[PDB]
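Note that these values count all heavy atoms, side chains included, but never hydrogens, waters or copies made by symmetry. Quick note on labels: first sequence line is chain A, next is B, and so on, each numbered from 1.
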Amino acid sequence: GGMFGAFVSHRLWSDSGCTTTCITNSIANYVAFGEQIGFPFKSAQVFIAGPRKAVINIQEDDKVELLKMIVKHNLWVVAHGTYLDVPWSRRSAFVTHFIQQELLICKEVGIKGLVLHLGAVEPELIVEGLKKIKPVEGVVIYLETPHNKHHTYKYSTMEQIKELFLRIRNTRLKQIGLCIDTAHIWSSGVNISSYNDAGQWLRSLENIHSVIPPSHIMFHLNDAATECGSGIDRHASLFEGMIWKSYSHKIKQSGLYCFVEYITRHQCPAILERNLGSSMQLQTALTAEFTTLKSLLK
DNA sequence: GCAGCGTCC
DNA sequence: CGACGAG
DNA sequence: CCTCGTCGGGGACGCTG
Ligand SMILES: [Zn+2]
Ligand SMILES: [Zn+2]
Ligand SMILES: [Zn+2]
């Protein structure tokens with residue numbers, strides 16, 4: 001089946017006095033929370049650096065314990081890159097080198113990939129900045145669907161996605177994946193509210209498997225507290241935002257349930273990205289989302 | 001007409 | 001979002 | 001030991017003078 005999980009923040013999950021092993025400690029509590037509510041988490045997402053500063057956060061003892069934690073529970077963990085990881089920026093010599101550090105760190109601790117945000121630029125400039133990166137065996141760079149309004153390239157329609165990854169394949173750049181953030185393609189103007197709306201988009205995705213195979217596809221399962229076409233990114237819990245709140249009564253006619261079926265049939269990783277002000281709010285929200293997910297799964 | 005910000009990811 | 005200091 | 005203020009080597013958004 002699918003590998004379902006959530007983003008694990010340091011502030012809302014780590015114990016006080018976690019000292020040198022705060023990321024692994026947070027994941028430990030996050031795995032405990034999964035067993036309590038009867039949804040064994042198979043995936044997770046963390047920041048090993050930043051995300052707003054070009055500094056590595058994870059420390060040595062954390063790197064050793066994180067590898068043991070990942071192996072023990074067999075977790076599919078992905079690292080989200082910092083917001084400064086723009087390899088196609090003008091002065092990007094300092095930027096690309098920092099991404100090289102993260103990719104090396106990911107392989108040391110057994111993290112499966114690194115998420116980078118696509119820019120609102122041409123695919124030629126995208127592949128150019130990507131070529132400046134030497135691959136790291138076992139770590140996939142997942143290019144995430146961005147969100148904007150006024151720019152030509154949003155990488156949310158299958159035409160723009162197919163164009164990008166074919167230029168990737170012609171350049172012969174290995175270890176590149178796709179991260180589909182549902183809240184972002186919605187913000188970029190892709191109606192995925194109904195089952196058919198998502199099914200048509202997801203069918204066009206499978207129709208270009210020869211350029212981006214589902215083995216290199218991961219998902220951010222996020223509802224959006226914004227209008228379709230906003231360019232503005234406001235995450236919300238599943239069936240509690242503008243995309244799927246109208247389908248809370250019949251969740252198997254929503255667009256999300258079609259995403260769950262594709263994630264299931266391809267064993268893709270799926271990460272919920274929820275931010276709330278405090279631990280208990282976040283846990284109440286995720287318990288609702290993962291029990292609903294368990295309904296669509298089991 | 002444009003340059004500089006503040007806010008959010 | 002997370003490290004780091006003030007208190 | 002704590003809590004809380006601060007501030008980021010990018011960028012999209014909308015706003016302001
Ligand atoms: Zn992201
Ligand atoms: Zn995302
Ligand atoms: Zn987002």
Exercise for the section: Give the ring-plane orientation class for A:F47 versus A:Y83, where under 30° counts as parallel, over 60° as perpendicular and anything between as tilted. Expected result: perpendicular
Handout entry: Under 4.0 angstrom between A:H117 side-chain N/O and D:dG11 OP1 or OP2
Key = no
Practice task
Between D:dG10, D:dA12, C:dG2, spot the one nearest the side chain of A:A120, thanks.
Solution key: D:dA12
Problem - Residue-phosphate contact under 4.0 Å: A:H151 side-chain N/O, D:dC13 OP1/OP2 - result: yes
Fill in the blank from the handout: Shortest non-hydrogen pair, A:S92 vs A:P87, comes out as OG-O, 3.4 Å
Problem - Test side-chain contact (heavy atoms from CB on, under 4.5 Å) applied to A:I185 and A:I161, A:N191, A:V190, the passing residue - result: A:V190
Practice task
Would you check if there is a donor-acceptor pair between the side chains of A:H220 and A:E273 at a distance under 3.5 Å?
Solution key: yes
Completion exercise
Which of C:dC1, C:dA3, D:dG10 is nearest the side chain of A:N57? It is C:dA3
Completion exercise
Dot-bracket assigned to DNA chain B with the 3.5 Å Watson-Crick/G-U criterion, [ ] for crossing and | for other-strand pairs, is .||||.|||
Practice task
Indicate, with a heavy-atom threshold strictly under 4.0 Å, whether A:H150 touches base, sugar-phosphate, or nothing.
Solution key: sugar-phosphate
Problem - Near-parallel close stack of A:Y83 and B:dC9 base (under 5.5 Å, under 30°) - result: yes
Exercise for the section: When you get a sec, tell me which of C:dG2, B:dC9, D:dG9 is the closest nucleotide to the side chain of A:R52? Expected result: B:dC9
